[PDB]
Amino acid sequence: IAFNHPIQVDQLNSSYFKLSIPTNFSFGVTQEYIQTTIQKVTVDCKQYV
Amino acid sequence: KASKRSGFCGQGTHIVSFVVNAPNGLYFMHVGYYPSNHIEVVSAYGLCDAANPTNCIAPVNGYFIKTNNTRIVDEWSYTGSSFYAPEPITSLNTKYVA
Amino acid sequence: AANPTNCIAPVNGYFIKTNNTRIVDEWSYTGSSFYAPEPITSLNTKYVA
Amino acid sequence: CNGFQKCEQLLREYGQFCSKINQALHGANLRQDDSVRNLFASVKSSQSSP
Amino acid sequence: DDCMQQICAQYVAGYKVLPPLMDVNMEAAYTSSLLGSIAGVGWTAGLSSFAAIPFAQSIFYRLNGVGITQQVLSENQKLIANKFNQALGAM
């Protein structure tokens with residue numbers, strides 16, 4: 001079992017609030033293909049049969 | 001075109017996206033910022049003043065750690081101009097907006 | 001050096017030579033002073049560029 | 001059909017169609033499971049502050 | 001075991017029901033983590049970076065965003081929190 005267990009910040013009763021800050025740019029990701037179109041084909045009926 | 005906003009691109013901040021021809025379709029290459037390391041820093045929720053103008057959160061928290069520090073990067077101050085910060089009416093817990 | 005600074009503000013306003021604060025139909029207009037906010041100084045000599 | 005040898009032999013002739021049915025159901029379930037994982041991925045990485 | 005003592009799908013054999021592949025407790029843990037995150041996420045421009053924000057403050061900040069109520073008006077309109085509880089009760 002290796003699931004969930006996410007990082008959790010602690011809520012502060014005091015007016016000042018602890019905030020997690022990013023330190024590394026780590027730019028870059030990939031994106032899924034969206035299909036967009038389907039193949040076109042024509043069948044010659046009454047001849048192929 | 002822009003996304004710079006909520007968009008179909010997901011799992012990362014949409015700084016930019018790229019389109020390439022794909023067989024029977026279109027292929028996308030969005031770019032996403034990843035924080036990687038998070039450091040928890042105590043932040044004031046705005047600072048009030050004896051004068052009516054008061055420090056307030058604008059691009060990011062007005063005080064990242066103390067006084068006026070505004071940045072999303074590791075360095076809290078980052079030479080912030082503070083021009084962006086608005087000046088709202090004094091609120092509860094005086095001398096602080098909080 | 002002074003805190004007030006000219007800014008592009010909407011669509012690339014404050015153009016070089018005559019300032020193109022006017023946009024679309026109007027080619028150029030004298031700066032209103034409410035048209036552009038003061039931005040933080042940016043890398044270059046004497047300009048945001 | 002199970003428990004009848006004659007029925008099983010006829011089903012063997014139609015076995016290829018039965019194999020396609022099993023493969024199609026397995027593929028649909030895997031695609032659905034991937035979609036469920038994608039939904040829970042967005043929920044994952046959230047911080048339970050309180 | 002209960003069916004032998006007396007679902008019936010296994011005895012029929014016909015079709016076999018398939019488990020969802022995600023445990024209910026794991027899904028519940030994800031929803032609870034999301035509930036914690038939304039209070040932090042719903043803050044002025046702080047969004048995800050802002051954290052440890054109170055649930056009451058997050059509701060007030062969200063209300064100010066969608067509807068431009070005056071800060072004085074929000075203080076004047078007391079029992080808004082009670083009305084939110086009434087809405088939860090009505091559901």
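Residues numbered from 1 in each chain as written, not as in the entry; some residues may be left out. Chains lettered and ligands numbered in written order. Part of a larger assembly, values for the part shown. Heavy atoms only, no water. Residues with missing side-chain atoms left out of burial classes, pairs and counts.

For this entry, the PDB record names cryo-EM as the structure determination method and reports a resolution of 4.56 Å.

A tally of helices and strands in chain C yields zero helices and zero strands. Along the longest, intermediate and shortest principal axes, the C-alpha atoms of chain C span 30 × 20 × 15 Å. Considering only contacts in chain C between residues 6 or more positions apart, those separated by 24 or more positions represent 33%. (Helix = DSSP H or I, 4+ residues; strand = E, 2+ residues; numbered from the N terminus. Contact = heavy atoms within 4.5 Å.)

Below, the discussion takes up the packing of aromatic side chains. Residues and elements named next belong to chain E. One pass over the full model with this rule turns up nine aromatic pairs over all chains. When the ring of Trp-43 is compared with that of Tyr-61, the centres are 5.2 Å apart and the planes differ by 35°; the resulting orientation is tilted. With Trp-43 in the loop between α3 (24-41) and α4 (55-66) and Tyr-61 in helix α4, the pair connects residues that are 18 residues apart, well separated along the chain. Taking the relative accessible area as the measure of exposure, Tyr-61 reaches 30% and is therefore partly exposed. (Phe/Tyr/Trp six-rings, centres within 6.5 Å; stacked < 30°, edge-to-face > 60°. Buried < 20%, exposed > 50% of the residue type's maximum accessible area, 1.4 Å probe, protein only.)

Our next topic: the state of the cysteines. All names here are of chain D. One pass over the full model with this rule turns up one disulfide over all chains. In this model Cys-1 forms its disulfide with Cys-7; the gap between the sulfur atoms is 2.0 Å. On the sign convention where negative is left-handed, the bridge of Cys-1 and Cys-7, at about -130° about the S-S bond, is left-handed. (Disulfide = S-S within 2.5 Å.)

Before going further, it helps to spend a moment on the interface of chain B and chain A. The partner chain A presents 27 residues to the 37 residues of chain B that form the contact. Sorting the residues of the side of chain B that touches chain A by element identifies β3 (25-28), β4 (31-33) and β5 (38-43) of chain B as the ones contributing at least two each. It is β5(B) that provides the largest number of residues to the side of chain B that touches chain A, a total of six residues.

Turning our eyes to something else, we now look at the interface of chain D and chain A. Contacts between the two partners involve seven residues from chain D, matched on the other side by eight residues from chain A. A buried area of about 650 Å², summed over both sides, lies between chain D and chain A, and 47% of it is on carbon and sulfur atoms. Contact with chain A buries surface across chain D, with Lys44(D), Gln47(D) and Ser49(D) losing the most and accounting together for 65% of the total. The interface formed by chain D and chain A contains zero salt bridges. Across the contact surface, chain D and chain A share two residue pairs in polar contact. (Buried area = accessible area lost by both parts, 1.4 Å probe. Salt bridge = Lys/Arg side-chain N within 4 Å of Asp/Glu carboxyl O. Polar contact = N/O pair within 3.5 Å; in protein donor to acceptor, adjacent residues only side chain to side chain.)

Here six pairs of chains make contact, and the pair sharing the most contacts is chains A and B. One finds no contact between chain B and chain D; the C-alpha atoms of the two approach each other to within 7 Å at their closest.

In this section: the side chain of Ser91(B). With respect to the secondary-structure elements, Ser91(B) resides in the segment after β5. Polar contacts involving the side chain of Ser91(B) include one to the side chain of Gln71(E), which spans 3.0 Å. Each residue touching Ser91(B), except ones within four places of it in the same chain, is listed here: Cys48(B), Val97(B) and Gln71(E).

Residue and element names in this part refer to chain E. In this structure, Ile-68 sits in the loop between α4 and α5 (71-76). Judged by relative accessible area, which is 82%, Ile-68 ranks as exposed. For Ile-68 and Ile-53, which are 15 residues apart along the polypeptide, the C-alpha to C-alpha distance reads 21 Å.

What follows covers the packing of helix α1 (residues 5-13) of chain D against helix α2 (residues 15-43) of chain D. Residue and element names in this part refer to chain D. Where α1 contacts α2, the two axes come as close as 4 Å, and the packing angle between them is 70°. Overall, the two elements α1 and α2 adopt an arrangement that is roughly perpendicular. Seen from α1, the contacting residues are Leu-11, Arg-12 and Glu-13; seen from α2, they are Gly-15, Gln-16 and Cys-18. In the contact of α1 with α2, the residues fall into two nonpolar, two polar and two charged. (Axes fitted to C-alpha atoms, helices over the stretch in contact; angles between N-to-C directions. Parallel < 35°, antiparallel > 145°, perpendicular 65-115°, else oblique. Nonpolar A, V, L, I, M, F, W, Y, C, P; charged D, E, K, R; others polar.)

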